[PDB]
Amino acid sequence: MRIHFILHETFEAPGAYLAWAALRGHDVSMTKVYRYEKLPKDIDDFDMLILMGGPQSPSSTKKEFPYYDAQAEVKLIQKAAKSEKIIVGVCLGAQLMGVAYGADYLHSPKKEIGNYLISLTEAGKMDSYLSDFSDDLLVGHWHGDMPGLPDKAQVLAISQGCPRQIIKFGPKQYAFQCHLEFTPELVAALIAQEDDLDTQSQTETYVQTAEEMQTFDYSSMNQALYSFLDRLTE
């Protein structure tokens, strides 16, 4: 019901997570750390915590991003977990969850930017909250890194480029390295930020073109996401 977002840049938007939260009638708050907004001090003001992506890494320094405090975000995840809050972390958000749960983050075998299949693991095929995901699904991607896997965490999905797409850290604490929340306008903003998506498009296996991404139809990923959030919170 009270859902709090942590946002790390204008181009790392909540997209469909926010839309879902609006349609289902939930009570949204946000922290826009890039606006030097202060992280919540109490886990008491929210029921669920969704941390979105970001150009930073979990180890980025305040000399690079003077408003960003990865340590504080990690502690906030741990406080939240320790009270059995629902948590979801996306790209950078998924990597801070890794750190919070005892594993440091890694570089991805392949970097991925565009819309690619992810594929359920065995553990994935057994997760209640993913019932509405076909075994293979085309979803969004925009990373170079991926999350640490602590021993108690399960991988629920992989792609060809990256072996850790979705991870279950806890009974109600999930991480998506990939982006199901994309829409054409979010993807517009990401393209505007990307230096040389052109060159990377041919030089690299798993980078698509501005045109490929921009024309793509995102309604199925949004919709798969909705089924996950609905199930996670029911």
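Note that residue numbering begins at 1 and tracks the sequence as displayed.
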| query | finding |
| --- | --- |
| Higher-scoring stretch by recorded Cα B factor average, 17-25 or 206-214 | 206-214 |
| Selected stretch [higher average CA B-factor]: 29-37 or 179-187 | 179-187 |
| Deposited CA B-factor, highest of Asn115, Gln71, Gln95, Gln78 | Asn115 |
| Identity of residue with top Cα B-factor, from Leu49, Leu197, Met52, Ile166 | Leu197 |
| Third of the chain, ranked by Cα B-factor, where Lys125 sits | lowest |
| Chain-wide C-alpha B factor ranking for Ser220, given as lowest, middle or highest third | highest |
| Position of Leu156 among the chain's modelled residues by C-alpha B-factor, lowest, middle or highest third | middle |
| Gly89 - which third its CA temperature factor falls in, relative to the rest of the chain | lowest |
| Chain-wide C-alpha B factor ranking for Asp145, given as lowest, middle or highest third | middle |
